[PDB]
Structures are given as C-alpha cells and as structure tokens.
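To keep things clear, I will list the structure first and then write my remarks on it.
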Amino acid sequence: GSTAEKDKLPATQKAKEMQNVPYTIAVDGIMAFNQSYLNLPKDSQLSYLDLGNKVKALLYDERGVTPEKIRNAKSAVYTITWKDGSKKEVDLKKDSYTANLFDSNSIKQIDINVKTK
C-alpha cells in the first residue's frame, strides 16, 4: 500500500548542496526558456568574474556562442531578479566600471538579453 512506510524513501546529503536558479535568454527578439536552471553556492556571495564561469557555459551550451562574439553584439544586457521580487538590468555593452558582489541565496532568477545582428 501507499501508507506502507515512508522510512523506505531515500535520503539526502548534508555536506554541501547547490541551488537551482532559473535563467532566461533573449535571441532574435524572442526568449528561449526550457526550464533550465543555474548552479550557485549555498549561503555564499559571488562576483560576475567568477559567476560568469558558470554562465558562459550555458552561452555555448545553448547555441554555441563565443565570448568574443557576444561582446561585439549590437547590445548586451543582463537582468537579475532577487528573492525580494526586484529585478535590475545591467548594460554590459556599455559597462566597464560596474562591479559588485551579490548573494546567490538572495537571488531568484535572471534574464539575459543580447541583441546581435
């Protein structure tokens, strides 16, 4: 029966797990979402230089674009929405001074938009 025993169920790890934050991407004016999620540190802050290591991975894993082409794009902006419900957009195509760390634990989702043509 279904009420047999719940203890029979599996277990989990206590060492150190990761979180799954849903991200988005805009291409050709149309967004491409496939329920894909991104990995992040638990209760740990991170920067763009480091976090990018995981992001860039999806960039090529999605369509196979390079960091040299995505930069030459007509436009490049990154959107980050915190658990608070607030979202901010950062214009990478015009950002050479911006720089600040963030807490993944306080992150909800992100929406990347790169206009290339």
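Just so we're on the same page: first chain in the structure tokens is A, next is B, and so on; residues restart at 1 for each chain, and ligands are numbered from 1 in the order they show up.
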
Do you know which residues are at most 7 Å from residue A:89 counting only C-alpha atoms, after dropping those on the same chain fewer than 3 positions away, and could you put them as a VMD selection string? chain A and resid 77 to 80

Residue neighbourhood stretch 112-117 of chain A, 6 Å, only C-alpha atoms, exclusion window fewer than 6 positions, as a ChimeraX atom specification: /A:24-26,73-79

For the residues selected in the previous step, produce a file with C-alpha atoms as a short mmCIF file (atom, residue, chain, number, x, y, z; two decimals), in the first residue's frame.
```
data_model
loop_
_atom_site.label_atom_id
_atom_site.label_comp_id
_atom_site.auth_asym_id
_atom_site.auth_seq_id
_atom_site.Cartn_x
_atom_site.Cartn_y
_atom_site.Cartn_z
CA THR A 24 16.40 33.16 -19.35
CA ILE A 25 17.88 34.28 -22.67
CA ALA A 26 16.69 36.60 -25.44
CA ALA A 73 26.92 42.13 -30.23
CA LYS A 74 24.89 45.23 -31.06
CA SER A 75 23.63 45.10 -27.48
CA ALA A 76 24.32 43.09 -24.32
CA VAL A 77 22.42 43.38 -21.03
CA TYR A 78 21.94 41.14 -18.00
CA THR A 79 18.87 41.05 -15.76
#
```

Please indicate the distance in Å from atom CA of residue A:82 to atom CA of residue A:62, rounded to one decimal place.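 Atom CA of residue A:62 lies at a distance of 23.7 Å from atom CA of residue A:82.
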
Pairwise distance for atom CA of residue A:58 and atom CA of residue A:37, rounded to one decimal in Å: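 Separating atom CA of residue A:58 from atom CA of residue A:37 is a distance of 9.8 Å.
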
Taking only stretch 37-115 of chain A into account, list the residues labelled strand (DSSP E or B) by DSSP (computed from the backbone), as a VMD selection string. chain A and resid 37 to 40 45 to 46 75 to 82 87 to 91 102 to 103 107 to 115

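Shortest separation to residue A:108 among A:83, A:53, A:93, A:65 occurs at residue A:83, atoms counted being only C-alpha atoms.
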
Could you give me the residues within chain A that DSSP places in helix (DSSP H, G or I), as a list in words?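 DSSP-assigned helix (DSSP H, G or I) residues in chain A: residues 48, 49, 50, 51, 52, 53, 54, 55, 56, 57, 58, 59, 60, 61, 62, 69, 70, 71, 72, 92, 93, 94, 104, 105 and 106 of chain A.
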
Go through A:2, A:17, A:63, A:91 and flag the residue nearest residue A:41, using only C-alpha atoms for the distances.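 The answer is A:17, which sits nearest to residue A:41.
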
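Across A:32, A:107, A:38, A:90, the tightest approach to residue A:18 is made by A:38 when counting only C-alpha atoms.
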
Top pick for closest residue to residue A:92, considering A:28, A:72, A:110, A:55 and counting only C-alpha atoms: A:72

Do you know which residues are at most 12 Å from residue A:100 counting only C-alpha atoms, after dropping those on the same chain fewer than 3 positions away, and could you put them as a list in words? residues 45, 46, 47, 48, 49, 50, 51, 90, 97 and 103 of chain A

Please determine, counting only C-alpha atoms, which residue among A:40, A:99, A:4, A:70 has the shortest atom-to-atom distance to residue A:19.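 That would be A:40, the residue with the smallest distance to residue A:19.
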